[PDB]
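Take a look at the structure below.
Chain A is the first sequence line, chain B the second, and so forth, proteins listed ahead of strands; every chain is numbered from 1. When reading the values below, keep in mind they use all heavy atoms of this one structure, side chains included, and skip hydrogens, waters and symmetry mates.
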Amino acid sequence: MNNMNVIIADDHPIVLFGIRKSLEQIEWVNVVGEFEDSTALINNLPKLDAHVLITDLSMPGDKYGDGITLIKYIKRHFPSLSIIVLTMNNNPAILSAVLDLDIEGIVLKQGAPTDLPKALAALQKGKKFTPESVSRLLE
Amino acid sequence: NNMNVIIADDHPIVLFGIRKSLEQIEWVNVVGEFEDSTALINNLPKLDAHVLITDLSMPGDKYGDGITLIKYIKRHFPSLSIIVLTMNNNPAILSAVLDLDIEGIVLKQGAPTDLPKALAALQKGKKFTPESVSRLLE
Ligand SMILES: [Mg+2]
Ligand SMILES: [Mg+2]
């Protein structure tokens, strides 16, 4: 596939290792940055020239925040950047509000082990990789 | 001394991270990976494990999870060393888990080197607690 500069952002290092373990088989991926905090993510985002961001939803960093506020900030300040949300919060209202921000993918940590590789493969082909929130939201 | 390790976490990405961390440790031998407590307990006897790196919150209605599961493993597999790997930052839960006489805790919020340090302590015949744990415990 086309070569891709990836930044990964999660406040759990073991999750960051897990992303690297899953992506080490994929040669076209270049992990140009790893961050545990949204301040360090935003300060480094201009300097790295990244095509994709694999971001955690619940994260420390008071200056730029986390979740919806952070994704809203990133898309307004870094419009070329593609965002894959990696979260364990599968709440219908949070997933749908995240979907309304026009992001490229959501991967649940509760889901299948091959979802994060498959989401990057979908992004390369210009397609979406997201779970449906509305049915559970409506309940 | 070589040590067979089983790991238990209900997020596959966490299991991948634990394996990636344990690549660097050559006297560790990852011998099983499990996403629930039922599959863990059913496979525990046939694997000849010396150490178990286990998550606190997992699915499993048969043998339960957290403090119930740790208690089940210590009574039925007393030779097994248990390292608890949790994102729970509640002093009551961590103190209750420590009172079971487990070999070590690792916080998912803590330092990247805490899991390697836990195993290094365990190889020298000692228990381990991160600074993140000892700071919040009172
Ligand atoms: Mg988080
Ligand atoms: Mg869990």
Side-chain angles (χ1 to χ4, degrees), chain A residues 4-45 47-48 50-54 56-61 64-67 70-71 74 81-89 103-120 123, chain B residues 7 9-25 28 30 33 53 55 57 83 85-89 105-119 130-133:
Chain A
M4 188 173 268
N5 294 336
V6 179
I7 291 166
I8 64 172
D10 197 289
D11 59 319
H12 300 160
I14 279 310
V15 174
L16 289 175
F17 297 146
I19 297 159
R20 296 303 304 277
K21 179 65 170 180
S22 57
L23 267 47
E24 76 180 33
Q25 292 179 339
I26 308 167
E27 276 68 42
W28 45 263
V29 171
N30 183 345
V31 179
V32 303
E34 304 180 335
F35 306 106
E36 294 197 61
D37 81 282
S38 63
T39 301
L41 176 55
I42 298 293
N43 291 352
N44 285 248
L45 213 44
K47 292 180 179 178
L48 290 166
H51 306 321
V52 183
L53 166 56
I54 307 165
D56 191 28
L57 210 55
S58 183
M59 192 187 292
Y64 300 114
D66 63 355
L70 176 55
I71 296 158
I74 289 160
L81 186 65
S82 294
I83 303 165
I84 297 166
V85 170
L86 180 67
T87 182
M88 71 180 286
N89 197 341
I103 58 151
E104 283 64 28
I106 304 171
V107 177
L108 296 184
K109 295 182 175 175
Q110 304 97 306
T114 54
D115 285 358
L116 180 57
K118 290 177 182 179
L120 292 166
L123 179 47
Chain B
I7 60 170
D9 190 286
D10 63 317
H11 297 155
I13 197 72
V14 171
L15 288 169
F16 278 35
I18 301 188
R19 297 177 49 199
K20 172 93 159 58
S21 297
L22 269 39
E23 279 178 346
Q24 293 177 331
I25 312 163
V28 166
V30 174
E33 306 173 45
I53 302 161
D55 184 21
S57 297
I83 300 167
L85 175 52
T86 180
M87 72 188 293
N88 201 317
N89 63 33
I105 301 177
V106 179
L107 282 218
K108 293 184 176 173
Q109 292 92 349
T113 60
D114 279 328
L115 179 54
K117 281 179 183 176
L119 293 165
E131 167 280 323
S132 53
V133 175

From [X] atom [atom1] to [Y] atom [atom2], the distance as rounded to the nearest 0.5 Å:
{"X": "A:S38", "Y": "A:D66", "atom1": "OG", "atom2": "CG", "answer": "7.0 Å"}
{"X": "A:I106", "Y": "A:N89", "atom1": "CD1", "atom2": "CG", "answer": "10.5 Å"}
{"X": "A:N43", "Y": "A:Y64", "atom1": "CG", "atom2": "OH", "answer": "5.5 Å"}
{"X": "B:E23", "Y": "A:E24", "atom1": "CD", "atom2": "CD", "answer": "5.5 Å"}
{"X": "A:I84", "Y": "A:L116", "atom1": "CD1", "atom2": "CG", "answer": "6.5 Å"}
{"X": "A:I103", "Y": "A:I83", "atom1": "CD1", "atom2": "CD1", "answer": "7.0 Å"}

Would you check if [X] and [Y] make a side-chain contact, meaning some heavy-atom pair closer than 4.5 Å?
{"X": "A:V31", "Y": "A:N5", "value": "no"}
{"X": "B:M87", "Y": "A:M88", "value": "yes"}
{"X": "A:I54", "Y": "A:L23", "value": "yes"}
{"X": "B:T86", "Y": "B:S57", "value": "no"}
{"X": "A:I7", "Y": "A:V32", "value": "yes"}
{"X": "B:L107", "Y": "B:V133", "value": "yes"}
{"X": "A:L81", "Y": "A:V52", "value": "no"}

What pair of heavy atoms forms the shortest contact from [X] to [Y], and how long is it?
{"X": "A:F35", "Y": "A:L16", "value": "O-CD1, 4.0 Å"}
{"X": "A:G61", "Y": "A:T39", "value": "CA-OG1, 4.3 Å"}
{"X": "A:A9", "Y": "A:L53", "value": "CB-CD1, 4.3 Å"}
{"X": "A:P13", "Y": "B:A111", "value": "CG-C, 4.3 Å"}
{"X": "B:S21", "Y": "A:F17", "value": "OG-CD1, 3.2 Å"}
{"X": "A:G33", "Y": "A:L48", "value": "CA-CD1, 4.5 Å"}

Would you mind telling me which of A:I19, A:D56, A:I8 makes a side chain to side chain contact (heavy atoms under 4.5 Å, CB included) with A:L86?
->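 Filter result, single survivor: A:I19.
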Note: A:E34-A:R20 ion pair, threshold 4.0 Å (strictly below) =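 A salt bridge is present here (some side-chain N lies under 4.0 Å from a carboxylate O).
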Note: A:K109-B:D9 ion pair, threshold 4.0 Å (strictly below) =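 Looking at B:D9 together with A:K109, the answer is no, because their closest N to O distance does not fall below 4.0 Å.
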Within 6.0 angstrom of B:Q24 CD, more than 12 heavy atoms from elsewhere |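 Open.
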Exam field: side chain B:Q109 to backbone B:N89, donor-acceptor pair closer than 3.5 Å =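 Absent.
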Under 3.5 Å donor-acceptor, B:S132 side chain and B:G110 backbone =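 Here the side-chain-to-backbone pair does not exist.
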